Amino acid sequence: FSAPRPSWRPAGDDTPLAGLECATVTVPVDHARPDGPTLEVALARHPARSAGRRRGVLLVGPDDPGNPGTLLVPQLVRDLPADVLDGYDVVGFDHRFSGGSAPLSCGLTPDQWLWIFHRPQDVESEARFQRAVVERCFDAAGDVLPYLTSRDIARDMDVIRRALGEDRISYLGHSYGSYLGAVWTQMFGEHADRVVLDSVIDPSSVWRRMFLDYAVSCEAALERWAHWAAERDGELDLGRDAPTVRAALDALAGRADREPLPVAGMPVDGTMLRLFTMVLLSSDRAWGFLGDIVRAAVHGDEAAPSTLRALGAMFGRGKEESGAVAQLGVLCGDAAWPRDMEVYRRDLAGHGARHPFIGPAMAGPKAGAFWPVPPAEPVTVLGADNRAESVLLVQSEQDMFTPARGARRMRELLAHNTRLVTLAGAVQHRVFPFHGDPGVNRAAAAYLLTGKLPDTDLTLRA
């Protein structure tokens, strides 16, 4: 496919990309039909600060499906070690049908944007709720949704590499970006220079198995936070023991299921409240925020303005329906979900009830069960034939969203070309470089700049 060189221009100082460059790259909707329709994939670049030390391009993928990867470049400019920013053009992209790359709008209600985490009433009612999301999105975008897959994004990534005029390219990806990098190396690894995958999705869990295991991780994180909160009943007044704290949290969410809780003039229902809980759960540096909002909502008080500025971030003016549709296409389209409602009925009553905070939303009949198109391709198989010269895995020992088991699995599947750096003591998600750990950042920067993996898998302590 014809990949002309991008037309870089300074991003406006009225944008979150101020100080960077912006461009688009043309990709075909159907990579098998390169003369068919196309779309423009948005890019953002921070050029290497030192031409004499320039190694090439560090391509950066989105960290969640639907999350604009261009917005990672300012975060990376802020936190990356200086010699990395000296040596690489940092180039982030918004994956097809998200962000500024032809985002989709299908008329979804705000309640439907949270289809992943939606609390079910029963199998019958949730099957109706989730199928409705599918039929709504296919009514408005059924022409392109079959081309919103992880492998098609990986195809876009190689068009971008060629449009940038690079024979070899480096890659950094977090969470979903770790999977995009893995898939891209399996498909195009002969073009890989240095690769860092951080907070590593288990590539054998695509995707329902990941849903089910997340319910377990969430329970474990809630138990560690309930103990932490219990040790602080003298500030939060939620209980002097974890089960008492959990019971308060549980009842709060139960009321929110009945009646939306007014938070700074916006209704917060049980699904939204549980989502805010889980996001704050994922980093122990955010556990104080969680204590604050639970304390306030329980006692009918107001949360600190700082706490609300995290809530306004995830469900106020920032939020986008385009992200929910992007999640739908990737999560339902990469692999065929079980169609039989018996599977979901049983898993709700067993696994869901055993992991009650988010288990029911994870085990019940999700939109993928009702997908109207067959899978276009198998799930990418990672293995010994991966042609990437080297891949560094970076992983927090305690990560609620992408547990360390996924990184360990990737380390086995790609045993021939990977090394694993684990950060112990970290209750964190997305480590390099945003966590600011000197050990992790030094090791990852040395690899990116020398191309040398650690001699052995490393376990560092924060």
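The first residue of the sequence shown is number 1, and the count goes up from there.
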Per the PDB entry, mean CA B-factor is higher for 314-322 or 90-98, namely for 314-322
Assert higher mean C-alpha B factor (155-163 or 264-272, deposited values) equals 264-272
From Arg194, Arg208, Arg295, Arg387, the top C-alpha temperature factor is at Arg295
Among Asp198, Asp213, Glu223, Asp334, highest Cα B-factor in the entry goes to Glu223
Chain thirds by Cα B factor, record data; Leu449 belongs to the highest
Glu190: C-alpha B-factor third of its chain, per the entry, is the middle
So, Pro110's CA B-factor, relative to its chain, sits in which third? The highest
Binned into thirds over the chain's modelled residues, the C-alpha B-factor of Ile169 lands in the lowest
For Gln130, the third of its chain by CA B-factor is the middle
